[PDB]
Amino acid sequence: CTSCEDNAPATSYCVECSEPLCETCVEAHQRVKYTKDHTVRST
Amino acid sequence: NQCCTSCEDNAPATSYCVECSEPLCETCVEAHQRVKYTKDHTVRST
Ligand SMILES: [Zn+2]
Ligand SMILES: [Zn+2]
Ligand SMILES: [Zn+2]
Ligand SMILES: [Zn+2]
């Protein structure tokens, strides 16, 4: 995950951002209005 | 005094974001920091 510095494994991928995300950053992605409608897929 | 209206938690706003022009609760502030689009927003404690 390169959206945080928790050195956490990416367990998801956002299509629009083309970014792997950890579970914490997925939850943040869903809470922020600009990103809440992004297509986030489990990896 | 104010609720955060950027989530449905009916949580107290402790901050405001200049770029969003929105009061934010602690959970929303933390989320703001973890999303690349909002990470550099000017979030000010109230
Ligand atoms: Zn992360
Ligand atoms: Zn995204
Ligand atoms: Zn909130
Ligand atoms: Zn903002």
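Values below: every heavy atom of this structure, side chains too, minus hydrogens, waters and symmetry copies. In what follows, chains are A, B, ... by sequence order, proteins preceding strands, each numbered from 1.
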Determine whether a donor-acceptor pair (N or O, by modelled atom type, separation under 3.5 Å) exists between the side chain of A/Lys36 and the backbone of A/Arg31. no
Kindly indicate, with the supporting measurements, whether the criterion side-chain contact (heavy atoms from CB on, under 4.5 Å) is fulfilled by B/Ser6 and A/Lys33. CA-CA 7 Å; B/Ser6 305; A/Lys33 65 190 260 191; 5.7 Å; no
May I ask you to decide if the ring planes of A/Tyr34 and B/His41 are parallel, tilted or perpendicular, using 30° and 60° as cut-offs? perpendicular
Partners meeting side-chain hydrogen bond (donor to acceptor under 3.5 Å, both in side chains) with B/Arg44 (sequence neighbours left out): B/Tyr16
For residues 18-30 of chain B, which side-chain donor-acceptor pairs fall under 3.5 Å, sequence neighbours excluded?
unit_1  : atom_1 : unit_2  : atom_2 : d
B/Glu19 : OE1    : B/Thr42 : N      : 2.7
B/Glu19 : OE2    : B/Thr42 : OG1    : 3.2
B/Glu22 : OE1    : B/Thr5  : OG1    : 3.1
B/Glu26 : OE2    : B/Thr14 : OG1    : 2.5

Between A/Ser12 and A/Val40, which heavy-atom pair has the shortest distance, and what is it? CB-CG1, 3.7 Å
